[PDB]
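First up is the structure itself, then whatever we jot down about it.
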Amino acid sequence: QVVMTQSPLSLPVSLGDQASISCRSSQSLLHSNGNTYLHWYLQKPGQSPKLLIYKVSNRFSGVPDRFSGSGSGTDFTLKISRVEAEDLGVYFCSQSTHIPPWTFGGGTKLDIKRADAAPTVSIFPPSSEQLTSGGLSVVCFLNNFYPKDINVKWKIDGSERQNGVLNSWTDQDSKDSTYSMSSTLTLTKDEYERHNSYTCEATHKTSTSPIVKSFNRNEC
Amino acid sequence: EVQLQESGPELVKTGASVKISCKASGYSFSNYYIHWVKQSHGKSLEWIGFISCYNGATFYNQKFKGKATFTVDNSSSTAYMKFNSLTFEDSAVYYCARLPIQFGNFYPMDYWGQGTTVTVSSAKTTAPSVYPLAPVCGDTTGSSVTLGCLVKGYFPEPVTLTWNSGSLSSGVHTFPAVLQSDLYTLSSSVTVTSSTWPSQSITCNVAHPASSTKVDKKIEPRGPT
Amino acid sequence: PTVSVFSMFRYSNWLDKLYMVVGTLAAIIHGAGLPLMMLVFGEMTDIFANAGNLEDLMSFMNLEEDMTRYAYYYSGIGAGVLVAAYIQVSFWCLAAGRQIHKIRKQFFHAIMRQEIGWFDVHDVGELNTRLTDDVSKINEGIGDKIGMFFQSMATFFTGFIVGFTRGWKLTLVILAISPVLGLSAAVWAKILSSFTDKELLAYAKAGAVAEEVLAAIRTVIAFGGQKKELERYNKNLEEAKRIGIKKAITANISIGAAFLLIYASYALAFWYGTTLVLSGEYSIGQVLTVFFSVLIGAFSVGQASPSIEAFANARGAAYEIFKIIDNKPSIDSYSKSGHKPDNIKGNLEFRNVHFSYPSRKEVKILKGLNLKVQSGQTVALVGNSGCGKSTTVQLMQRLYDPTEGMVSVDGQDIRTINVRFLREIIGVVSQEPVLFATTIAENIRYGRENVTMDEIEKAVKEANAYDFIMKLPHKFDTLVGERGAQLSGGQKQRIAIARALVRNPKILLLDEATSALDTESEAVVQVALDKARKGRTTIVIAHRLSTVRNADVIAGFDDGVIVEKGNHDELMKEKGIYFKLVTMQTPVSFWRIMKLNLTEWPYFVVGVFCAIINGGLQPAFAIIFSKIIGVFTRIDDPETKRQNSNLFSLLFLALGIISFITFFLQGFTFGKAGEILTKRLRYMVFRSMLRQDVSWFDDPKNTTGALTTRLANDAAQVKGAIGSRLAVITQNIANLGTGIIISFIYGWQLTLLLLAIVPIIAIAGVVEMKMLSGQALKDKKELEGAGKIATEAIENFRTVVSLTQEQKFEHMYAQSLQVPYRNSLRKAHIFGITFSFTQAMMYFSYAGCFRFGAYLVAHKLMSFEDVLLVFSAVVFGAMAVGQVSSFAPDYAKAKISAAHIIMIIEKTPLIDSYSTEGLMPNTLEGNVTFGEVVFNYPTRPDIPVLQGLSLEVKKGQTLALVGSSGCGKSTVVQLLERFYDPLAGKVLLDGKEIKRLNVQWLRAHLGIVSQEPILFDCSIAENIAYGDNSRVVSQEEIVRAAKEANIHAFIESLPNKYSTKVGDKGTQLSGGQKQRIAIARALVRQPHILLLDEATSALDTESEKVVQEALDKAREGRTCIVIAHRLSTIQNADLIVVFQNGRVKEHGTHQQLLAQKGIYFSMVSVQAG
Ligand SMILES: COc1cc2c(cc1OC)CN(CCc1ccc(-n3nnc(-c4cc(OC)c(OC)cc4NC(=O)[C@H]4CC(=O)c5ccccc5O4)n3)cc1)CC2
Ligand SMILES: COc1cc2c(cc1OC)CN(CCc1ccc(-n3nnc(-c4cc(OC)c(OC)cc4NC(=O)[C@H]4CC(=O)c5ccccc5O4)n3)cc1)CC2
């Protein structure tokens, strides 16, 4: 029961430079014979995972030679030389030297490492059909944000909202190639009135300051 | 040039049985083992077990033994994995992989199936709740005035959202859906200019197959409400 | 010379065609058997490999259950193949046996339907070898080789089909390698099939001088060519040795190349197969089954060539027998469309009768003879030998037909009436009769069918041949020996007269009926001939005129034409030729052979080393095969697996190269030591036999041809007796001992289980090998022990063409053929059963061994690599043990051979020809004195031919010795020439006894001429040159002796005059010319003592004077002793000695014997003039 740990859960890389992904085994991945078995696979979204680098440092037939792999003992690493736009997916490692149960890694996604910017907060009052049907749905769009690790906070009368809200982390766009997400606060028409402030912000690295955009139930 | 491919998604109910199929072409079926591997969402992969494509001998991981049965069809060159009383914890993506019989863990899992996602569900078809959103009351953001249209609580997936019957391809933002308590949720935004709103029409669209509600909804300027 | 195939399967019943069809079906099934065993073997080893691979991962229950299932496929294939093989073998053997029995009976019928003229031209032995060899070749051409041919073709086709349906890639590779594999297997079977005829010819090239020196035994010590013939024999042995050496070298080259190719194919096939197995494209059982089926198929289609060879041979050998059976003569004894008279009255009509022998048609003996003989007319015909009285007798019985005219008997001609009915009614006695070697009651019964013993006693009392019947035991049960050798000549001719008279004939024809007969018995025979002449017509031909003077009509031949006719007084009052006739008349040894090859010990040591390696070559294959399989039975890194596979492919190649070198070396060394021993032994036995005495060969068992055959066979068998036992024992030890040991070390249980099977597997191997080419000859031995009757009824065509009893001897041949036929059918069934059972046990070893191996693997007691090792090392060990111990020649006959060879080598003659010790005086005179000399032959100790003769010879005394034929005429010659030493008597050669002198000096000083001239296989210059030995032979003496013998003309006429190659015994040139060259060959000796024995037996009257003028000018100085029947050299002789039963009756001068009228005057007044 070895336990692989793939060091970065995500690697912010550009196009034109190189990256390196590293797996650490809880046990020694040598074998009594004298070879080390630690294979690296590539998986694409909606496809089957391919085999990139088998064994120790060997390369599978039918892959380019941009990919390289070097390691020792309980620490191994892969290297992408001349990164492209097609070879952007999830990776993972796989141990095979102690195999009662086969073991894999957590994986790593890659990024495109674009230019920085802050999102534009968009907020809406609830829909008329929802007021008639007894409900509220205030969504906090935040367009043109970067990178895709941002923590927004719904707030009502000084209380952080932790229910009925999740974030729709869209991936990077094609041409403009920026990120987006959707935090939507919804409640029934009873507690819609006991609170007035439905405040959403965007706490990120591009701006520590909350870009506030709110409305008041009465003011409309 | 080896190609294995799987059945496809199977939205089954609780406590039922489901058979998953891996079809292998372009090579000798008699040699390799087929390895079945589970993957939940946002978690590391997990090994279920292996079936010997030669005579059908199996080996099960400790967790999965008694919850899965592996079988093989040689004349059809396929492998089959069946559950028994699958719970909510078995909604995941499952994979079949190839491993030769001579090397036996001294070789990688060279070729992989494409993966078929199972989903346990008890709810039934619902009509989407097309909610017409509207910008902040009163003040304008300038040129970029935002609008939106969303849904809440629909089963089952998908939903297609377009704007102005496809005649609007400016300031459009799409965001994926989310499952919650056996139902679904969605949202989307579109930015237009002042001479396009409230000067022109902006209509969202929804389409749910198991409900056939080809509904359209124009977003109107908000006044006192 | 190529019979169409349909013509050979003549004489086939419907049962036999059914046998052939069912046999072909069984053969195809039993052939396609084996690739299916390879199929099951592949599937089973795949089961084992996958169980092992999985159990090495999960670190064996379903293994035992699945092996249970595959044991059933193995057992089913084994039983099916047992049945198919039994059926194929038995049915093909039965069909061929019955067909050949029919062929042989019908062929004897055909060879009996012929005529003497067509039999007098062809050789007698030619038909004998035709029968035996041709018939046996027909039998082997259709007996079994068609079965094994179709079985090998079926194995080839099914093997390639299985190899293609399993995997076509490795199959295409083994196909690209397959033609050379087939060619190698074909050549390798071709060289192991015969192994007799080529060395037989290599020795036959030298058998010529063997037959020379053993066909001229007596004259060879006078010729004194022992040293020289031994030199030429050593030359011939040298050439035979060189040819045999080249044979062995090239045969072993081919063997080693075959094995190197087998192993290189193993290496290539495993290299490529493991490339595929590691590339996941193939399995290991699949590559095993595809490789084994394709390799076995190529080897079988290769081994199916000797069948084609034997079938071509059978067509070629059947051509002549079919031509014999096809021929029909103009007159058929069996045919009943002949015409048969009823009132058979004796009347002979010959008119304008011209006839010549078809053997020599250029010479015409007869130029027309016209005769008319009435009933009861005793006609005698008188004339010299050469006119053809015997020709007229053979013309009577329709042995031939005359080319001109027409002959008739009582009105109608012979040419429209039946031959057999005419042949039974003419009782004829020929000049020299032959007697069949049965009892004498059957001999006298042989005239006609239903004769009782009262008529037998009346006929033998008419023949006056009852007294010698009365004195010998078994008076009707005495088995007379071969060609009348048991009884005397007079008893033989009298019972031959009886044997003719039992037919009760209408015309009686006697031809020289009283040649060796005395006075009173010829008298009572002629009184009995006049006792039975009154109802019949009679023609008597004889030399004695005592039985001719009381005849009806006397006639005389001259140049074939009957010239004088009439009664006695008519020819007496005409004073013709006949007038001049009547006017003139009024074990012990036990392995002392090891020292015989001792001198070539490097050959023996390199041979034993190569045999050790070639025996151990098997367990190394077991090791490499099991290791390369166990590489794919366990899990490992891909690169470690590829490295092991490559290493084991290289080890296969290297083992093949070692096999090539070691096979070449062992074969060459053992063959070379063997051939050197055979040469050294043939040389020595010939020298030791040449050192023997004439009394040695004159032993009845010491026959010439028997001794040349003893040399040829035993000198080549004693080499095996020494080399082969050692080589085979060492091979089998290094093959099976280390195998049992390696097996015991790894798998102890399975090794015992398979120890309980190895004998039967060895037996199956030896049986399969003895079936590949040549199993048993005993059928020929039974046929031969029962075949003398066809020989005797073939040689003596004369008596059977007249007696009209041919069908009786054909029925006797059927009675001779009956029992071997039943035995052959029983043996066909037994042989089928044994072959099938052995192959089936080889098929069941798989099931047993692998079921116990699966039980062992399942309980962790051993791995699968281990059971594979035990199997491939013990079972194939025993199979190779059988295959090899088959090619070994058997040992008992070889031991008897070595014993007899050492006995004969060891035997030393009483008189040594090479020793110089004795009395050597420097001088002599030339006077010989015999006194009271008695001699008995060693082969006839009870019969004395001598009773104490004595003789006195002085210098230049022409001593003639006259007597009867067989009264001790050449015996005095053999007493002089140191052939026989007498038991009693005293011989003084000039007051020096011959027993104390030097032996070679007496044989050097004198020189004789033989009773029959024999020359050697060279030219005439070496014919006359043999007369003087140990001396430089001058050609002036050669031409001087050729002028003195008057043979100079016939030599100078011939092209390549003194280099003209003469064949055996002077068969190319005439008898008078070889007699003259015998005179010339004795003439170069210039002997102080000269003997002549029948100096003018076949010689012209002008040539006798020119022979005798050299004798008369050279009779001075030397003692001369001439023995002849012609009186011309006896009239001018000095002293004349007449013999009577070995006793000297009269001696002295010729005028003294002409004064006192005794027995010599009796012979001196026969043709005096
Ligand atoms: C194979 O079985 C059967 C045998 C027989 C029958 C029916 C049979 O049923 C199939 C019935 N008659 C058929 C005629 C015949 C005779 C012999 C053969 N030979 N075939 N090979 C060898 C061989 C010759 C070697 O040089 C002397 C030698 O030393 C280097 C080794 C060998 N072979 C072996 O050692 C092993 C090892 C092994 O792993 C293996 C694996 C698969 C198959 C066979 C095997 O045998 N002779 C095949 C047909 C008579 C004999
Ligand atoms: C007379 O004078 C001499 C005497 C001697 C010698 C020379 C003489 O010359 C003066 C030399 N010795 C010869 C002794 C000997 C005995 C057997 C063999 N045989 N070897 N194979 C087969 C075979 C027979 C088959 O039935 C007909 C048959 O049909 C199914 C097939 C085969 N062969 C095979 O199957 C394969 C397949 C295989 O896996 C294999 C594996 C290893 C090695 C070879 C192999 O070959 N017979 C070779 C030599 C002693 C006496």
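We number each residue from 1, going along the chain as drawn.
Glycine is treated like the rest: Cβ placed from N, Cα and C.
Residues C:287-308 are the range that Swiss-Prot records as transmembrane segment, among C:199-220, C:287-308. Judged by Swiss-Prot topology annotation, C:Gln286 lies on the same membrane side as C:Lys860.
Measuring straight across the break, from C:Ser59 to C:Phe60 at the CA atoms, gives 12 Å, with 13 residues left unbuilt in between.
Neighbour density at the Cβ, taken as the number of other Cβ atoms within 10 Å, is lowest among the binding-site residues C:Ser385, C:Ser390, C:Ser964 for C:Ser385. According to DSSP, C:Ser385 (ATP 1 binding site) is assigned to coil rather than to any helix or strand.
DSSP assigns C:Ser390 (ATP 1 binding site) to a helix in the three-state reduction. Across the break of 63 residues that separates C:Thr586 from C:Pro587, the C-alpha atoms are 68 angstrom from each other. Long-range contacts of the topological domain 'Extracellular' (C:626-649) within its own chain (CB-CB distance under 8 A, at least 6 residues past either end) are made by residues 45, 48-49, 52-53, 56-57, 267-268, 270-271, 274, 277-278, 284, 863-866, 868-869, 872-873. A contact between the transmembrane segment (C:726-746) and the transmembrane segment (C:172-192) is absent, since fewer than 3 of their C-beta pairs, 6 or more residues apart, lie under 8 Å. Among C:172-192, C:249-272, C:287-308, C:287-308 has the largest number of CB pairs under 8 A with the transmembrane segment (C:143-164). Residue density at C:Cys967 (ATP 2 binding site): 17 other Cβ atoms are found within 10 A of its Cβ, drawing on all protein chains shown. In this structure the alpha carbons, written CA, of C:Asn384 (ATP 1 binding site) and C:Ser964 (ATP 2 binding site) are 21 Å apart.
The stretch from C:249-272, C:287-308, C:748-767, C:867-888 that makes the most Cβ contacts under 8 Å with the transmembrane segment (C:650-670) is C:249-272.
Put simply, C:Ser390 (ATP 1 binding site) is 25 Å from C:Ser964 (ATP 2 binding site) when counted between their Cα atoms.
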